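These notes are about the structure you will find just below.
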Amino acid sequence: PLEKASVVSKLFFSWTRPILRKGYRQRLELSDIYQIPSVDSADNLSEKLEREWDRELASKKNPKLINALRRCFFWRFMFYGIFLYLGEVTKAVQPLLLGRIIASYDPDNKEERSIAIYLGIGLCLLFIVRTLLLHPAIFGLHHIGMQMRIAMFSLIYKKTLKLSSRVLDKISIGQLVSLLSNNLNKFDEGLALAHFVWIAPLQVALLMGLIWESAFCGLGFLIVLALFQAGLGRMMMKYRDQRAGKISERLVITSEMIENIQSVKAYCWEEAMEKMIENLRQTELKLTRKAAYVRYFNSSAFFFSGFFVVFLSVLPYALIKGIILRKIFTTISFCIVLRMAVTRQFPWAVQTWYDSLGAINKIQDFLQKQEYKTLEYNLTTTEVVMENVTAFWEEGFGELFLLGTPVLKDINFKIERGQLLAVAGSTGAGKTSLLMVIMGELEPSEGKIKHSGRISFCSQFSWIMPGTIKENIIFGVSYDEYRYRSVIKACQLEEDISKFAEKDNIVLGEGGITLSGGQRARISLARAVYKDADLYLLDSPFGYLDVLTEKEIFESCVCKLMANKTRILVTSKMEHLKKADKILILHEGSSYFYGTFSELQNXXXXXXXXXXXXXXXXXXXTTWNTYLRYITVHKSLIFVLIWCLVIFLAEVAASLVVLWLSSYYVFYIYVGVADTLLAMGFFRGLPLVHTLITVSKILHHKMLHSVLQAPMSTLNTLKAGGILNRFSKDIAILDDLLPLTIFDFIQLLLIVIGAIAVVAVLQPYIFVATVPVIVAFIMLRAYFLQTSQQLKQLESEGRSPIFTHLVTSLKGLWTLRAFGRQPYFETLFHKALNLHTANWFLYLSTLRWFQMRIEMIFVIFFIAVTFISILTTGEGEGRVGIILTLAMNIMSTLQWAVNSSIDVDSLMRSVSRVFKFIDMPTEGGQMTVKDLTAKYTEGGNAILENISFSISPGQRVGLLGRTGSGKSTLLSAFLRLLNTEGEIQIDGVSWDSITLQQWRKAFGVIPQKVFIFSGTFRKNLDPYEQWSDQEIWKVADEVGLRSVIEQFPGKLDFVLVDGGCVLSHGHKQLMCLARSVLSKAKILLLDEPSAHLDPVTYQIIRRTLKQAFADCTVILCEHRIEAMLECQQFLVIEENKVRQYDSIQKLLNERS
Ligand SMILES: Nc1ncnc2c1ncn2[C@@H]1O[C@H](COP(=O)(O)OP(=O)(O)OP(=O)(O)O)[C@@H](O)[C@H]1O
Ligand SMILES: Nc1ncnc2c1ncn2[C@@H]1O[C@H](COP(=O)(O)OP(=O)(O)OP(=O)(O)O)[C@@H](O)[C@H]1O
Ligand SMILES: [Mg+2]
Ligand SMILES: [Mg+2]
């Protein structure tokens, strides 16, 4: 529906209560989120931004995006900014009322308490006004940021779809995804904070024009302190930059680890790799600890500023022999606000302004790319003809001309309507370039073209949009049943479409993942045929088709349906060329022949942004069980927390005794500033950070030990990308951000609790006033979290549609440019962006409501405490002032405390998953199988079921079968890689009676895909450090690795960087065979040695196996006829059955 509300409801955010109620009661769905108002429609934002951007481009000599952006959206920005400034002015000014109240209570004046209470009610009204004029302005600024982001995304999508063809191969997909990823939160949330660029200077000017002029020492200290904070900021980036290189090196080791869990389990390498990963983590831990230490010093310096910033301000005026407590209390209340405005607000505003300007400049720079210029095709006679065509891909050579290499030179031809052509050439000859220049994507430097306009495209690359078969074929045109039936019958895709349960509206995903290459190609041909045009362009139409189907499809459709319509074909076959009318051949970017035979014969696709939807969906947030598990894992962490609590309580007790009981007048500062009174020093908080780092290291080590040495069925139940995502993101969050968030939350809760306790001790009525306030805080936070977490999760799940649409549009850019479905793609992109905008808008609205209500509750607490304290007829001069100051300066710390309280739960939502993966479960030589059965996962397809066979010692077994029949599954079942029931006895012992560890070592196998890691040859041969140089040399000599060792510059220590691709397939097979010879096993297992092998390495492998394992049993797997001469026994897998034969010549009797 459409939201609508009155002025009071708009100001107090009372219209978000229905969705809070629904989310609290039950799980939120995509249906309950109401429709965005028309103000924030993607189409409206795009139109409004373009109407100014095009005018700016047409008028301004120097183009800058901010020039149009200001005349677009600056007015409301300033309108919200003035409200923000007037709200902050009240916070700046309110301590004057505090000082006057203190003067009223002090025995200097005889004025009754009536004036004091008349001022206190005004102070509370001032807080109410400041809240009411602060929070809605922040929400409005967030709204402005929303419109900003939506308009920017729409315009940049329009540009990236209108891109020129030349810059497409300047591959910057990573740059584009980074641009659309890193900006969404930064340019949206930061706009509200961006307005403090002049608010802080105006506030400090007001503060120091309202303090008696002396007081400049406070500015001198803050200026040094502000520069000091930036001084440690550079150190942070110095350590982070250094460590970022090492985490990349360690991560790729884990990435290569998941892809070969089978090989790792077979080789029993869990301990060595565990030690290697532990060593790498130990190396990175020092840098992480240094970064955490400097962050702690920065935070502690900020917290300890509070005392010195007033101390160094009062001492210049303390030499004048007298300070009234009213003056010191009011200068404390002024200096806290001054510090808040100087040390944090101004640097944050400057940094966010710089980041926003950089992002806008980068977006403009990308947008200023050269456009795609289409050409009218109204030139008559509707025939394809060119003359003197010169083509240059790069603009520099295109505008100069033979300085650069061309791709088409001096090509001429002319074909009447109905005649079909054929182009043949080598790979990269330029057939695709000729197609592009015919289309108009490539601009010809020389040569005028006159031909028809209606064109059709079937690209080399298969592209399918996320729709259905009918939509993929017709592209929204009127559904012609006769044409559709004719095209499906001609393309012979009916036999494929009718196999599915769905017949007419089969829905596909992105990129046609459901189908295969042949189906995608035939769908592309069907689309090309269906597209009504007088010039059909094809680019390798049958690249993924078989020979028979490719031969049949030509005479079925091409010269039967559009035989009277002109088309251009890409082919290299004599029959197609013979049927073709005129012929063109391209060589080295130049045409080779023109005429007839009458003359001739006479870096990731499924990115983490897309995997996050399936990764974060299992959070199910969190419970206190994970809190307890995370807090009790390490003893020293508990001891340090206990020590911190004891120190806090001791400091509170000392302050209490001091208040119960010369420089005394300058001693009240320490107690009067809870920020410096209860902040943890460098001797009581550094062990906390150290313990957090140790907890992170222990959790990572246990997670590695759990993911490794785990049942393969359960491990394969999850995907490799998903299991790697944890080590990529969750460990980094738990190690870097989590300790800092934990420390900040602990400190901000400790200061607030100490302030409340001491205030209650000075006045016991405030103790009973606080309990309802605390329970209200807790209840309201619990109420808000349930809806907030669900809304954030839904928004995160809704992020990936935008990027999937982006990649889908990019993959088929040429097809979209040829077909003119730009409006359809724009409206679909806007449809997705509207849902994402609605999610983010509701999240922002509920966050603003939460902040409003917590501030209102604190205001109620403040009025209660202040009125009760001022009305009570207390004794002493300090008590009233100190209580008022403490209860007045808390709110700034309380906001950060509650923000950290929500953020710590948001972060620990990840240690929840980490603990779940901690909690995942864990587990001659003759053979005789007894009813073997296994499957990839429980409930899967039992490839092997009720299997019984035996192998004689000192023999060989040859295994033959089609691909995918289950040979790999049988080898895994032998290896105990998968869950199995039954037994196989090696001379009498099965899996059950002996340890699986020694079971694995008794075997030996090379995988279908060999495994190698980024390590030296010595480490890849002997990861366990159980071998010596002489025996390694002996193994290398026996297997024949001397040439392999000497061929590389590093003698036996050449590092295998980037997956060890230096070795060939045969070299890798020799490597793993030598490794198996090292791991001495009485039995050997084999799996397809000749997938991409050459005869010399094949025969050397045969020689090595014959010489090394002549007296064992080898289960060889190969389909070659010549290979099967050395297999005394035979075995075949034919659809879940096994037949063992004494010879192969009798097998040929069955299947000659
Ligand atoms: N947009 C482009 N910008 C720059 N170079 C390009 C672009 N498109 C293609 N090329 C390159 O120009 C050359 C022309 O090759 P083209 O693909 O046109 O020939 P082909 O024989 O049809 O190719 P294929 O081997 O893909 O069947 C190739 O080296 C190709 O990589
Ligand atoms: N990781 C996996 N998860 C789920 N199913 C799988 C997995 N790997 C393979 N399969 C299933 O097993 C089939 C292939 O079985 P497998 O590779 O073990 O037999 P094969 O005859 O040795 O294969 P090939 O000779 O093609 O390597 C696949 O088509 C699929 O149905
Ligand atoms: Mg090509
Ligand atoms: Mg296989």
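Think of each number as a place in line: the chain as shown, counted from 1.
We read in the header that electron microscopy, 4.3 Å was used to get this structure.
A Cβ is built for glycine as well, from the same backbone N, Cα and C atoms used for every other residue.
Features reported for this protein in Swiss-Prot:
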- 74-94: transmembrane segment (TRANSMEM)
- 95-118: topological domain 'Extracellular' (TOPO_DOM)
- 119-142: transmembrane segment (TRANSMEM)
- 143-191: topological domain 'Cytoplasmic' (TOPO_DOM)
- 192-212: transmembrane segment (TRANSMEM)
- 215-235: transmembrane segment (TRANSMEM)
- 236-290: topological domain 'Cytoplasmic' (TOPO_DOM)
- 291-311: transmembrane segment (TRANSMEM)
- 312-331: topological domain 'Extracellular' (TOPO_DOM)
- 332-350: transmembrane segment (TRANSMEM)
- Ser516: phosphoserine (MOD_RES)
- 637-657: transmembrane segment (TRANSMEM)
- 670-690: transmembrane segment (TRANSMEM)
- 691-741: topological domain 'Cytoplasmic' (TOPO_DOM)
- 742-762: transmembrane segment (TRANSMEM)
- 765-785: transmembrane segment (TRANSMEM)
- 786-846: topological domain 'Cytoplasmic' (TOPO_DOM)
- 847-867: transmembrane segment (TRANSMEM)
- 868-881: topological domain 'Extracellular' (TOPO_DOM)
- 882-902: transmembrane segment (TRANSMEM)
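Other Cβ atoms within 10 Å of the Cβ of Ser516 (phosphoserine) number 12 in total over all chains. Between the transmembrane segment (192-212) and the transmembrane segment (332-350), three or more CB pairs separated by 6 or more residues in sequence fall under 8 Å, so the two stretches touch. In this chain, the transmembrane segment (742-762) lies out of contact with the transmembrane segment (119-142); the count of Cβ pairs under 8 Å, excluding pairs fewer than 6 apart in sequence, is fewer than 3. If you look at the deposited chain, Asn602 and Unk603 flank 115 residues with no coordinates, and their C-alpha atoms are 51 Å apart. When Cβ-Cβ distances under 8 Å to the transmembrane segment (670-690) are tallied for each of 637-657, 742-762, 765-785, 847-867, the top count falls to 742-762.
Residues 126, 210, 324-327, 329-330, 333-334, 337, 867, 870-871, 877, 880-881, 884-885, 888 of the same chain, all 6+ positions outside the topological domain 'Extracellular' (95-118), place their C-beta atoms under 8 angstroms from a C-beta of that stretch.
Taken through DSSP, the topological domain 'Extracellular' (95-118) splits into 17 helix, 0 strand, 7 coil. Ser516 (phosphoserine) falls outside any helix or strand according to DSSP and counts as coil. The recorded stretches the transmembrane segment (215-235) and the transmembrane segment (332-350) share 3+ CB pairs below 8 A when only pairs 6 or more apart in sequence are counted, and are therefore in contact. Only residues 6 or more beyond the boundaries of the transmembrane segment (637-657), in the same chain, are considered here, and those with a CB under 8 A from a CB of the stretch are 631, 671, 677-678, 680, 684-685, 687-688, 691-692, 694-695, 746, 750, 754, 757-758, 761. Ranking 74-94, 742-762, 765-785 by CB pairs under 8 A with the transmembrane segment (332-350) puts 74-94 at the top. Residues of the same chain lying 6 or more positions beyond the ends of the topological domain 'Extracellular' (312-331) and with a Cβ under 8 Å from any Cβ of it are 95-96, 98-99, 102-103, 106, 108, 211, 214-215, 217-218, 220-221, 665-666, 668-669, 672, 877-878, 881-882, 884-885. Long-range contacts of the transmembrane segment (742-762) within the same chain, counting only residues at least 6 positions beyond its ends with a Cβ under 8 Å from a Cβ of the stretch, are 296, 299, 303, 644, 648, 651-652, 655-656, 659, 671, 674-675, 677-680, 685, 688-689, 692, 770, 774, 865, 879, 882-883, 886-887, 890, 893-894, 896-897, 900-901, 903-904. Sequence-remote contacts of a segment are chain residues at least 6 beyond its ends whose Cβ falls under 8 Å from one of its Cβ atoms, and for the topological domain 'Extracellular' (868-881) they are 101-102, 105-107, 113, 116-117, 120, 325-326, 329, 659, 668, 672, 762-763, 765-766, 769, 887.
Here 74 residues go unmodelled in the deposited structure, bounded by Unk621 on one side and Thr622 on the other; the Cα atoms of these bounding residues are 4 Å apart.
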